[PDB]
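The structure under discussion appears below in the form of structure tokens.
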Ligand SMILES: [Zn+2]
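Chains as they are written, first to last, in the authors' numbering: chain R, 2 to 12, 40 to 167; chain U, 1227 to 1275; chain X, 492 to 540; chain Z, 181 to 208, 217 to 246; chain E, 1080 to 1177.
Shown next, in the form of structure tokens:
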């Protein structure tokens, strides 16, 4: 009865006159197609985690600017839309719309939680700031 | 042996569920064991004229 | 019209009832998750389409 | 065989005993939801997404 | 709103009248043909055993329907269940045979 885990942690009956299985009816909406569409639409949402820290305290994600991050995510969504529609150019674009949206920010791994850039990760900053004041034995 | 932790045994005039939990935790208590059933979501989809 | 029959039992446990406050808090968390990232909006609209 | 509660068709007596448990009847666990329509013969069960080798189960 | 309720511990099952009452499987009934078609399978398994040997009787109201004839010799035993069962179990949410 032991249930596994999904992740890792710290380690005279005669046949009565009603029954039959002859399959007379077929649904017009299409049970297989409806189940396929439901499978596609049932999926949970993507986990947008970049900007948040890991165990050691270092933020996750690339070191690119916020606005260029938003632009790249937009046109990647456009490419994925085209791929889903199975064409060469997406017809429902998320990028290069008519709206001027030059102030939009999208969370990236460039900025830490304090509000400073991490060109030198948090663990490295802590380590050097602590090593700056250690001392040895006299002799 | 600390008799304060074995209260329901040592202390005669103590109700079987009494616990002095914030100060000292007891090492002999009254546990309530269960046995349930968790059936799956069943339905019989009928049609409407 | 859905119908789901059953027999009289008291040891049945189907934990599924919550308050609107918890639903609203979950909705707020998901709205924060979206975070101007069109990649987490695209599949939803496409699949509902 | 058949269950006179939900009108589903079974094949083995142990199958019927295991099936009535979903309604609450005893006798002498892999499914999450179990539906059945009344105008056709096509049940639809639903099993967890991590299990292996699902035999036509959503 | 036609709902069925299974019988338990020997008590007979019951079906819901149009006026909210629930009755057993016996007597004179009146169905709309669409009401049967929408539940062609759930109804066969519940009702056919009672129409055959029990005391149930149903008046499926249709208005118009094509028919077909079967002649038999009167001086020999004849039985209609093999004909009238292959019709009930073939009623469908889209079609009916003769
Ligand atoms: Zn059943």
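By construction, the Cβ of each residue, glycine as well, lies at the ideal position given by its N, Cα and C atoms.
Relative to residue 48/R, the option among 193/Z, 228/Z and 195/Z whose CA is nearest is 228/Z. Fewer than three beta-carbon pairs drawn from the stretch 1235 to 1244 of chain U and the stretch 527 to 537 of chain X are found closer than 8 Å, and the two stretches are therefore not classed as touching.
The beta carbon of residue 101/R sits closer than 8 Å to those of 134, all from its chain and outside the five residues before and after it, given in chain order.
Looking at 193/Z, 183/Z, 237/Z and 184/Z, the one whose alpha-carbon comes closest to that of residue 71/R is 237/Z. Relative to ligand 1, even the nearest heavy atom lies 7 Å or more away from the CB of residue 493/X.
In its own chain, leaving out the 5 sequence neighbours on each side, no residue places its CB closer than 7 Å to the CB of residue 1113/E.
Taking the CA atoms as reference points, residue 145/R sits about 9 Å from residue 137/R. Neighbours of residue 1111/E across chain U, judged by C-beta separation under 9 Å: 1275.
Here the distance from the Cβ of residue 90/R to the nearest heavy atom of ligand 1 is not below 7 Å. Straight-line measurement puts the Cα of residue 147/R at about 50 Å from the Cα of residue 62/R. Here residue 529/X is buried. Its C-beta has 16 or more other C-beta atoms within 10 Å.
In the three-state reduction of the DSSP assignment, residue 229/Z falls in the coil class.
Residue 1258/U and residue 1234/U have their alpha carbons spaced roughly 16 Å apart. Contact annotation: residue 159/R and residue 85/R have beta-carbon atoms that are not nearer than 8 Å. Within 7 Å of the C-beta of residue 233/Z there is not a single heavy atom belonging to ligand 1.
Identification of chain U residues near residue 225/Z by a Cβ-Cβ cut-off of 9 Å yields 1270, 1271, 1272 and 1273, ordered along the chain.
Neighbours of residue 1141/E in chain U, taken as residues whose beta carbon is under 8 Å from its own, are absent, since the nearest beta carbon is some 13 Å off. Residue 1093/E: member of the beta strand (DSSP E) spanning 1093 to 1095, first to last residue. In this structure, DSSP gives residue 1126/E a helical state, which the three-state scheme calls helix.
Between residue 1272/U and residue 192/Z, the CB-CB gap reaches or exceeds 8 Å. Taken in chain order, the members of the stretch 1239 to 1272 of chain U whose beta-carbon sits within less than 7 Å of a beta-carbon on chain Z are 1265, 1266, 1267, 1268, 1269, 1270, 1271 and 1272.
Neighbours of residue 202/Z in chain U, taken as residues whose beta carbon is under 9 Å from its own, are 1265, 1266 and 1268 in chain order. Remark: the shortest separation between the CB of residue 185/Z and any heavy atom of ligand 1 falls under 7 Å. In this structure, the beta-carbon distance from residue 140/R to residue 87/R falls below 8 Å. Under the DSSP definition of a beta bridge, residue 531/X lacks any partner. DSSP places residue 1135/E in the uninterrupted beta strand (DSSP E) bounded by 1135 to 1140. When secondary structure is reduced to three states using DSSP, residue 1255/U falls in the coil class, being assigned neither helix nor strand. By the criterion of at least three beta-carbon pairs nearer than 8 Å, the stretch 1131 to 1141 of chain E is in contact with the stretch 1106 to 1120 of chain E. Straight-line spacing of the CA atoms in residue 1164/E and residue 53/R works out to 17 Å. DSSP, reduced to helix, strand and coil, places residue 492/X outside both helices and strands of the structure shown, so it counts as coil. Closer than 8 Å to the CB of residue 53/R there is not a single CB belonging to chain X. If you draw a straight line from the Cα of residue 1129/E to the Cα of residue 1084/E, it comes to about 16 Å. Distance from the CA of residue 1261/U to the CA of residue 204/Z, rounded to the nearest whole angstrom, comes to 14 Å. Taking a beta-carbon distance threshold of 8 Å, residue 512/X does not count as an interface residue toward chain R. Taken through DSSP and simplified to helix, strand or coil, residue 1105/E comes out as coil.
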